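Single chain ahead, written as structure tokens, the form deposited in one PDB entry.
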């Protein structure tokens, strides 16, 4: 019934997956061994004859280290060994090694495992793909997998949770190249992609959680919370639900313009105790303020095309409509003229669950806004500019060419990004 298959690619994808699946288990009362003492969680967990609940997920990495931690860790009994797939050598921060050289060795094995997971689905909605833009596996292997999924599953819905690079935590100088190549190759294969800018998350952790030097553990717990909000509508039966298809219909006005901005509220430190409880109006207002955004950009300088509000906890429809109506009277929040009605609402009963010993405080109500704003084009411009700086000198290009890639692929990828920036510009113009 209404299943969703999750695929976690490379270090970022796998580590975010660890945080997501840990949180889902806490939310549904599933123990680390798959045992549990609603019914909707079945969209994400299959059940065995022994009453054990197994994630509908595949974890893939070209190197074994990160997944080796999953198969030796707390949740080793949660996943069956066949759904944790590892090669021997990674893509060395090279898209070409991920997509071709190293990736072509494990691709058939990964598709064989997803095929076995899809065979256990009676109402497959599609795929949720988690990966970074920057790594050789997250960039190259993801694009290879995305193309192969379009072949085997045609138009079946494919949504991404993509980690947008930040220099504070970056491991490769070539991340802008890997980001542009994966974006060009995946564009026609993805229906909707939720970018998460590592700098935005890094700044929220520093500013809101008082973490001097945020680690991936800090970043991923916060990321896990946003993912869980986007997926709670599928994993629970609440006051107002929103499925995979409804997300595309309500957030994607044109096939290429498929990158919603996520904004989460409230993010409160595990100290204080006075900094709550925030009202529905207060948390909704916080969604339109730039500090709570998952991607760094300025919406005041852009136009909204679609807005989806996903509430969780002690939230009533009357409270929500009151908050959306005040947002409607706000001159500083502008919507495109070709959009008479821009709001889509999800409401779930369960307050946001926090990982014991985590940085986040327990809140009575939270919200995740997904908005398609032309302001997100600023994130593409910053990436495109870093690409241009290096590409003008062909700096590092030889590493990709050595793996059989052609310079023409770089030009093609960059021209497609230029057309994407041009599309965001055209979409924001009035008729």
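Residue numbers count along the first chain shown, from 1. We call the rigid core whatever largest set of C-alpha positions still superposes within 1.5 Å between the two forms.
Beyond the structure shown, there is the form deposited in another entry, which is absent from this document and is the topic of what follows.
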Requested in this report: Please look at 173, 151, 109, 273 and say which one has a C-alpha shift reaching 2 Å or more between the shown form and the other one, core superposed.
Outcome: 273
**Report entry** residue 207: Cα shift of 2 Å or greater between the shown form and the other one (core-aligned)
**Finding:** no
Requested in this report: Would you tell me if residue 239 moves between the shown form and the other one by 2 Å or more at its C-alpha, with the rigid core held superposed?
Outcome: yes
Query raised in the report: So, does residue 291 move by 2 Å or more at the CA between the shown form and the other one, with the core held fixed?
Result: no
Report task. Work out the direction of the Cα-Cα change for residue 329 and residue 253 in the other entry: closer or farther than in this form? It's 3 angstroms or more. Result -> farther
Query raised in the report: Between residue 366 and residue 331, does the Cα distance in the other entry come out closer or farther than in this form, changing by 3 Å or more?
Result: closer
